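A short write-up of the structure that comes next.
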Amino acid sequence: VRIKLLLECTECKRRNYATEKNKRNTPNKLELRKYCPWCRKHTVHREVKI
Amino acid sequence: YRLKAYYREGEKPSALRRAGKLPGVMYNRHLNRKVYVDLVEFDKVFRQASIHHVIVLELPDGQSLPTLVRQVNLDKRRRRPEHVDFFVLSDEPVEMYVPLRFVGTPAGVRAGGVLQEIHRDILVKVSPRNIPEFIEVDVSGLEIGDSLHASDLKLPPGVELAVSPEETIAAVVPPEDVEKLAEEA
Amino acid sequence: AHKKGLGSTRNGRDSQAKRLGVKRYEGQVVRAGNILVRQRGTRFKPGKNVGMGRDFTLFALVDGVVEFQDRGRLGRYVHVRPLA
Amino acid sequence: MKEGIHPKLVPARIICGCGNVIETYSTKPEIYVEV
Amino acid sequence: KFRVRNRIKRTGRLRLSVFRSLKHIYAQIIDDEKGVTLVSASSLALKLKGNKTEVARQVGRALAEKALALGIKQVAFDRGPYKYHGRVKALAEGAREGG
Amino acid sequence: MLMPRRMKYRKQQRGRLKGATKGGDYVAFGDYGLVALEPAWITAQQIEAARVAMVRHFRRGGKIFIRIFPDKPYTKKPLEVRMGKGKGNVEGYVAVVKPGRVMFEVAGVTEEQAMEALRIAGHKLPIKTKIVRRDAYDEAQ
Amino acid sequence: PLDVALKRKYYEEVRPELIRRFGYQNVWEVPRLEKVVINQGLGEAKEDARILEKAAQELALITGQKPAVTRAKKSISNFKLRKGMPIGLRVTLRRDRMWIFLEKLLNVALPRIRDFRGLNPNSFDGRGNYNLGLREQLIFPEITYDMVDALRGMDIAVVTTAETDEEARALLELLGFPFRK
RNA sequence: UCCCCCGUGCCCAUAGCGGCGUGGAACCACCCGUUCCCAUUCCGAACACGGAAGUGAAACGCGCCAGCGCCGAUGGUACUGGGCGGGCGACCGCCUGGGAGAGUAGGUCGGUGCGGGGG
RNA sequence: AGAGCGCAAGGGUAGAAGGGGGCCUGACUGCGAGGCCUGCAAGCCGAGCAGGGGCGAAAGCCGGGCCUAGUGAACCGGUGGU
RNA sequence: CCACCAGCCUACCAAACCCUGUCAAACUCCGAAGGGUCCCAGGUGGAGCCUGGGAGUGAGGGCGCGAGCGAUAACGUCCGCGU
């Protein structure tokens, strides 16, 4: 449910994608998790948009 | 006492039964042949037996041997024996059920009360050299609510025990009347 | 006729029975990626080129034939052995 | 005992009410009581 | 009490079944399945030395050659209460490549 | 009568009742006994009816035991309804009894006493029974 | 080694009396001392943070060590606190440490207890153990009025290699435990 | 070839309990020191790193006992393919093959291969 | 092994799935051998492969959760990119 | 009937345990008959497999035993194997 909602992280250094979920209710300030983009190896990743 | 015996061959019981012979097995330590007897005198004699008295089976083989009973499977339906087991005797300390004859008319008894027939037949380890017949059980001084058990019973000099001994062999219980029509409530 | 107060229920609800069981046994060739045991708890523990997944399901890793085993103080075993 | 933030050791006495002079080795330096 | 079969997390492939106890170090390398062993090397149970840690060193490397005689290349140090203080013989230089 | 006050299932399906007593034709209790002849339920209403007729006839009498126990839920649908729409109701709390089962036994009575008593008591139940002594029953536990 | 008064005496005095009267022809079966744990679990840690455990640590501060806040186990509605993390203050003493523990204990601690009638004799476990509580925390030497709140008793636990009553009892009488009578 | 032990594994309790007897000469174990490696929500207990004197109780290895515990024949029966009557049903019977647990007899505290050391 | 293993129960588990800490982020990317299942459609399982990443002395595990419930084809359109 | 705290007694209630028997679709230590499926074997039959055009069929009913439901009523309905 929206409270857990749905959000998507994106790499820095222009765009890139990967799909995830949140939990605003739970102490979830902001997210900057570490993943891998289509282009190149594992790098950064920032959370943004619905 | 005396009873006939005959060796079983391996013919299906169904016939042996339907005729008049009562099928069964006998054994000792390792021996385990199959046999059969005849209902009527078998029934009549077993009444004066069970695992309380010793039996003798004479056999048209040149050998006549005595046994004690054990495990009697029945028909359920229509209620009657349809098979017997007979353990061949020895002289080495064996365990089975000696009868306890109730003796004594105390306060539980007389003043109402009914004896609690728990263990007439009790598990004891007696050398088959000795034969405990009718172990007396003292009721001579017991009242309702109480009981009798353990080593309180008669322990003949040639008989050893091995049950608990805690196990209540008997007790006295309260009677009933129209007072349970009050309970009916 | 007269039909006074009756009632209802709450139990007209059943779980869609999902086909569960063991598919391949000793004597059958199973070659790489063939499910052969459907189960919920460990009714059949894996082993020799046998496999388990995200739901306790045994399958084939090799092109080998199944066989069984019993190890009491451990569990029930399946071992799918191939050829030398 | 090991660690580091452990409350430490060091000797302590006993200047009891009788004049007793006991030699102890606990936590606080100035131990003295009754008998 | 350290079972868990750490040996199951060693059933991966090829074993080195050992145990340490007061005076002797039982560094053995074992071919499994049939449980047919192969390469042993011990403290003074091999008649070498008396300090387990030094022995270890020397022993592992002695053991190295033993392994390297019977076409042996890699296994896995077997113990549940291992803790792994290396004993940097750690049967790593000691044949196996190890670590 | 008697039953659980809270068991496991209000309702349970009728079942099939063929025979073999399942177990219970010897004694270890009474000195005379009453044993069934047909595979039916015996209603606790009838059960207590027997218990009554019994202790009733012989007053001040000793102790009687019931080897059986009425623990079967009967499903009785409401009167004047229609088919389906549900089931019965936890009525008719009874027991599963097949031929050759010792329903109930007396001890401390008299000969003819136990006779006439168990005679009537059995004459009550929805069947017919056997009045038995105690001798062969010995052993089997 | 940490030679205290009752240690040196145990070394010497214990062998004569124990071996002579009890008879122990075994140099190492001879069931002597063992683990002595101190435990002060309350239940008032419904909360009050570890400002309430700060008291609990002051306790270990007196034995010369630092403790572990062991705790509860279950959901208790009656006196609050569920799950299982309140106050079950505990520390483990052995060899030369429990030596100083009992040292200060029977040296100076025990006499000012107010109902110091006689060290309770009826608290025997029967397997070389001895369990008892107490009414005041300050009965021990080091701690004086400058810290006390109200009341905070202690459940002393002392296991022994012993297995029977007599041996551990007279062990307490050869390491100074003045019973009732 | 084999004896005793250590490392080890296989059978899945007839391998387990308990009571008991025995071994430390190489071992094993307690033990020993807590400086060093190292760790404990607290403990040198635990894991340790360094090891002389001792010990064989506890740890365990081997032995004797069944009291507990595990196994359980052999007779018979339950129920049952398949075939066939009898009863209003509720239900009962027969042949042909298939064949339990219940329990009685009795069984059993072990079976065993790879590697290592001493003799 | 009657504890617990989120929630219902089943099955299962202390040779861990339970509970404690440390580094992390494989609720990974491009593919998927071959099987479950089956009227279609949808659902179920996963070896291995290659890119790189985390922990592990290592042997090695990782494509979310012990599993079975927590779901909606398509048509329409929003939004960022190619 | 006392307190440092305990005693004691019963044709009372009852946790648990031992024994006496005992019950169960959603209980299960044991566990058949049986069905299932692979392997080798026989079995020539309007067997079988494979692709391809044409269908119709989807109220069914009785008896048979095995279960539900009904009341262990119904020429009642509900499923399964069997006709």
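In table form, for the structure just shown:
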{"read-out": "Boolean, B:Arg129 is free of Cβ contacts under 8 Å to residues at least 12 places away in the same chain and either part of a loop (DSSP other than H, G, I, E, B) or at positive phi (or both)", "value": "no"}
{"read-out": "Within the range B:153-165, tally of residues that are in a loop (DSSP other than H, G, I, E, B) and out of contact with any helix residue (DSSP H, G or I) (no Cβ under 6 Å at 6 or more places or on another chain)", "value": "9"}
{"read-out": "Residue check for E:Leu22: among the aliphatic types (A, V, I, L, M) and away from RNA strand I (no atom under 16 Å from the Cβ)", "value": "yes"}
{"read-out": "Among the residues listed as E:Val59, E:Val75, E:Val55, the single one being within 10 Å of RNA strand H (Cβ to nearest atom) and either surrounded by 15 or more Cβ atoms within 10 Å (Cβ to Cβ) or in contact (Cβ under 8 Å) with a residue 12 or more places away in the chain (or both)", "value": "E:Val55"}
{"read-out": "For B:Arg77: the one exception among (1) crowded, with 18+ Cβ neighbours inside 10 Å; (2) within 11 Å of chain F (Cβ to nearest Cβ)", "value": "(1)"}
{"read-out": "Residue match in the range G:28-48 (condition: of a type in the set (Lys, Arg), loosely packed, with under 15 Cβ neighbours inside 10 Å, out of contact with any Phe, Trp or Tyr (no Cβ under 8 Å at 6 or more places or on another chain) and more than 14 Å from chain D (Cβ to nearest Cβ))", "value": "no"}
{"read-out": "Residues (more than 16 Å from RNA strand H (Cβ to nearest atom) and among the hydrophobic types (A, V, I, L, M, F, W, C)) located in the range B:104-142", "value": "B:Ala107, B:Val109, B:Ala111, B:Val114, B:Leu115, B:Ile118, B:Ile131, B:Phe134, B:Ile135, B:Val137, B:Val139, B:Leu142"}
{"read-out": "Considering residues of the range B:89-101 that are surrounded by 15 or more Cβ atoms within 10 Å (Cβ to Cβ) and not in a loop (DSSP other than H, G, I, E, B) only, the residue nearest to the other protein chains (Cβ to nearest Cβ)", "value": "B:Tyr97"}
{"read-out": "Qualifying residues in the range B:60-79 (those that are on the phi < 0 side of the Ramachandran plot and assigned to a loop (DSSP other than H, G, I, E, B)) - the one farthest from RNA strand I (Cβ to nearest atom)", "value": "B:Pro60"}
{"read-out": "Identity of the residue in the range F:1-30, surrounded by 17 or more Cβ atoms within 10 Å (Cβ to Cβ) and of a type outside the set (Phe, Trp, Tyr), that ends up nearest to RNA strand H (Cβ to nearest atom)", "value": "F:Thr21"}
{"read-out": "Unique match (being away from chain F (no Cβ under 14 Å), assigned to a loop (DSSP other than H, G, I, E, B), more than 9 Å from RNA strand I (Cβ to nearest atom) and of a type in the set (A, V, I, L, M, F, W, C)) among C:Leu6, C:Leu83, C:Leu20", "value": "C:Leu83"}
{"read-out": "Meets criteria (away from RNA strand I (no atom under 14 Å from the Cβ), away from chain C (no Cβ under 14 Å) and not aliphatic (A, V, I, L, M)) for E:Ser17", "value": "no"}
{"read-out": "Given (1) basic (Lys, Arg); (2) at negative phi; (3) within 14 Å of chain B (Cβ to nearest Cβ), index of the condition F:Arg60 fails", "value": "(2)"}
{"read-out": "The lone exception for G:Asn131 - which of (1) more than 16 Å from RNA strand I (Cβ to nearest atom); (2) within 14 Å of chain D (Cβ to nearest Cβ) it fails", "value": "(2)"}
{"read-out": "Of the criteria (1) assigned to a loop (DSSP other than H, G, I, E, B); (2) more than 12 Å from chain B (Cβ to nearest Cβ); (3) exposed (fewer than 15 other Cβ atoms within 10 Å of the Cβ); (4) not charged (D, E, K, R), which one F:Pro70 fails", "value": "(3)"}
{"read-out": "Subset of the range F:41-63 [surrounded by fewer than 19 Cβ atoms within 10 Å (Cβ to Cβ), within 15 Å of F:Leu125 (Cα to Cα) and out of contact with any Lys or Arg (no Cβ under 8 Å at 6 or more places or on another chain)]", "value": "F:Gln45, F:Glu48, F:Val52"}
{"read-out": "Verdict on F:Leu79 being of a type in the set (A, V, I, L, M, F, W, C) and away from every other protein chain (no Cβ under 14 Å)", "value": "no"}
{"read-out": "Residue satisfying condition, being within 20 Å of D:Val35 (Cα to Cα), touching a residue at least 24 places away in the same chain (Cβ under 8 Å) and buried (at least 17 other Cβ atoms within 10 Å of the Cβ), within set G:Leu171, G:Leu81, G:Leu93, G:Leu175", "value": "G:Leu175"}
{"read-out": "Test for F:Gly30: is it within 9 Å of another protein chain (Cβ to nearest Cβ), within 13 Å of RNA strand J (Cβ to nearest atom) and more than 16 Å from B:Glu176 (Cβ to Cβ)", "value": "no"}
{"read-out": "Top-ranked residue of the range C:1-54 - restricted to ones that are closer than 26 Å to E:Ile8 by Cβ and exposed (fewer than 14 other Cβ atoms within 10 Å of the Cβ), ranked as farthest from RNA strand J (Cβ to nearest atom)", "value": "C:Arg54"}
{"read-out": "Subset of the range F:110-141 (residues that are assigned to a loop (DSSP other than H, G, I, E, B) and either without any contact (Cβ under 8 Å) to a residue 40 or more places away in the chain or within 12 Å of chain B (Cβ to nearest Cβ) (or both))", "value": "F:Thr110, F:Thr129, F:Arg133, F:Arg134, F:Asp135, F:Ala136, F:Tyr137, F:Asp138, F:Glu139, F:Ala140, F:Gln141"}
{"read-out": "Residues within the range C:37-61 that are of a type in the set (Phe, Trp, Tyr) and part of a strand (DSSP E or B), tallied", "value": "1"}
{"read-out": "When residues of the range D:24-35 are limited to those that are facing chain G (nearest Cβ under 7 Å) and not in a strand (DSSP E or B), the one nearest to G:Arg8 (Cα to Cα)", "value": "D:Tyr25"}
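A quick yes/no check of all residues on (1) more than 16 Å from RNA strand I (Cβ to nearest atom); (2) in contact (Cβ under 8 Å) with a residue 60 or more places away in the chain; (3) assigned to a loop (DSSP other than H, G, I, E, B):
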residue: F:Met3; (1), (2), (3): yes, yes, yes
residue: F:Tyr9; (1), (2), (3): no, yes, yes
residue: F:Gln12; (1), (2), (3): yes, yes, yes
residue: F:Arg16; (1), (2), (3): yes, no, yes
residue: F:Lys22; (1), (2), (3): yes, yes, yes
residue: F:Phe29; (1), (2), (3): yes, yes, yes
residue: F:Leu37; (1), (2), (3): yes, yes, yes
residue: F:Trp41; (1), (2), (3): yes, no, no
residue: F:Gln45; (1), (2), (3): yes, no, no
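Yes/no per residue for (1) more than 14 Å from chain F (Cβ to nearest Cβ); (2) aliphatic (A, V, I, L, M):
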| site | (1), (2) |
| --- | --- |
| B:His30 | yes, no |
| B:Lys44 | no, no |
| B:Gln48 | no, no |
| B:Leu59 | yes, yes |
| B:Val103 | yes, yes |
| B:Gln116 | no, no |
| B:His119 | no, no |
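Positions of Cβ are backbone-derived with ideal geometry, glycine not excepted, and every protein chain shown enters the neighbour counts. Taken together, the values in this text are just the output of simple stated rules run on the coordinates, not laboratory data.
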